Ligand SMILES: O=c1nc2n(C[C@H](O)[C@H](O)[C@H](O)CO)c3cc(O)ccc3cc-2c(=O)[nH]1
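Only one chain is included here, represented as structure tokens and corresponding to the form solved without this ligand.
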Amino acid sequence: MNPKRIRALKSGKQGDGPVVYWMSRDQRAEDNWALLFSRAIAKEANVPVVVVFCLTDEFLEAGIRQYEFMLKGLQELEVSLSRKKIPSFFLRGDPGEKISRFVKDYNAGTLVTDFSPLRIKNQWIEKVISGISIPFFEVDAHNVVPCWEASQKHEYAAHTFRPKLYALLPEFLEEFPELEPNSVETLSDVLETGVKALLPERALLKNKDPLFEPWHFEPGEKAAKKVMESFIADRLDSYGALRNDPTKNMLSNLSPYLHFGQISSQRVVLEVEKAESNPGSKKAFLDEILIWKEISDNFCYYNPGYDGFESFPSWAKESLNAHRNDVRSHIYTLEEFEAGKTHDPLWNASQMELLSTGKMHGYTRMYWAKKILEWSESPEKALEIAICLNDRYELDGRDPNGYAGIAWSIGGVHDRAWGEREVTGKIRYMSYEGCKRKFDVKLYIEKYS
């Protein structure tokens, strides 16, 4: 029950009513530090614990592909919490109004939320603390090491973040205690009206055939566990050598579950650590899910402008500024990028995989973002194009990994300077020819036509 995982957002008079767990980022019942800590206060105050989820008005900025995935998991989560005698209340509207009224109407004793370094979450918090007088607590249930404890400042590179995080692993990498059970309407109806409001925004092909294919990733806490088990048994050993090959589905495919909190990253690392495998494959995977995933939270926590040109490293800002007026080979607008109407078939295939499956391969994701910088009027124009496309079509989008990853590809955050080139300056450059020497670009293109 390590107290380093919890910050105090605002102190106040401890109410005599139930502890309310405001669930935003970690939509699961198993392996949830925020859920288990909320139960701890409930036992200490002789009072039950309840869970509240807010359905905000920002869902219309994304597609149905993310709406049903989240809502389907919440339907499963509702059953799980009822098995432990924990009621779950689902509210519609924005949290600033909804959380304040629910606390007043229920006389909540303590308010607990999970941690997210995103700008929108801080916006919701700022409205909440100005509407309640009960204590407000928040718990990092997303990172193995708490984000404010891994580092106290912005980390310039992964090689400076790795020694700090690994030094704290023996303390924070621990098992999850069991969620002991306890001593504003239906979920299906909200789904019904949600798609009806989103249906005009459906991504469609020429013949009005829906582009999205929902059979690639089943949502829910249960489906996440099988994916983790399938990756360890079947794909973990080849991960070290085939993670850069989009033609092979050797990735873990855990990101849609990780983003929604349907599976805990600590559970993944615990299971991978005791599994016996090729030694590189374990280290390569551990680097992504521990170093790179949790440095993405660090990037968003300590940079208020994580989605802006201002948060780029000084060398990258100077190089891109010096190459701002360089004539670009081609310029594409947002619609051409969206529908895949560029001269690059490799980029077009990556966009089609994104539009069809909702999860573009990690290696082609780097190629996809860097070509936006090459084919945009300004680095700022490419930054918003990349963010707009990523948050709209990726199942794992609107995530700290997304903004950190875009910043890495476009602004070279958590990277070093490379050879000076036109337009892109010293930013790491990936070429169509270089991709051909790494993997078979042909079979990747045919698969997504």
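Only residues modelled in both forms are compared. Only the largest set of C-alpha atoms that superpose within 1.5 Å between the two forms is called the rigid core. The first residue of the sequence shown is number 1, and the count goes up from there.
The same protein also exists as the form deposited with this ligand bound; that form is not shown, yet it is the one meant from here on.
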property: Which of 66 to 74, 42 to 50, 419 to 427, 29 to 37 lines the interface with this ligand in the entry with it bound (heavy atom within 4.5 Å); result: 66 to 74
property: Partner contact for residue 54 in the entry with it bound: this ligand, 4.5 angstroms, heavy atom; result: yes
property: Heavy atom of residue 298 within 4.5 Å of this ligand in the entry with it bound; result: no
property: 4.5 angstroms heavy atom contact with this ligand in the entry with it bound for residue 136; result: no
property: Residue 116, heavy atom within 4.5 angstroms of this ligand in the entry with it bound; result: yes
property: Single option in 375, 172, 124, 148 placed near this ligand in the entry with it bound, where near means a heavy atom within 4.5 Å; result: 124
property: Residue showing a 2 Å-or-more C-alpha displacement between this form and the one not shown once the rigid core is overlaid, selected from 128, 191, 74, 355; result: 191
property: Core-superposed comparison between this form and the one not shown, residue 209 Cα displacement 2 Å or beyond; result: yes
property: Rigid core superposed: residue 408 CA moves 2 Å or more between this form and the one not shown; result: no
property: Core-aligned C-alpha movement of residue 53 between this form and the one not shown reaching 2 Å; result: no
property: Residue pair residue 394, residue 189 - Cα distance in the entry with it bound, closer or farther (3 Å or more); result: farther
property: Inter-Cα distance between residue 358 and residue 192 in the entry with it bound, nearer or further [3 Å or more]; result: farther
property: Displacement runs between this form and the one not shown, C-alpha, 2 Å or more, three or more consecutive residues, core aligned; result: 59 to 61, 184 to 210
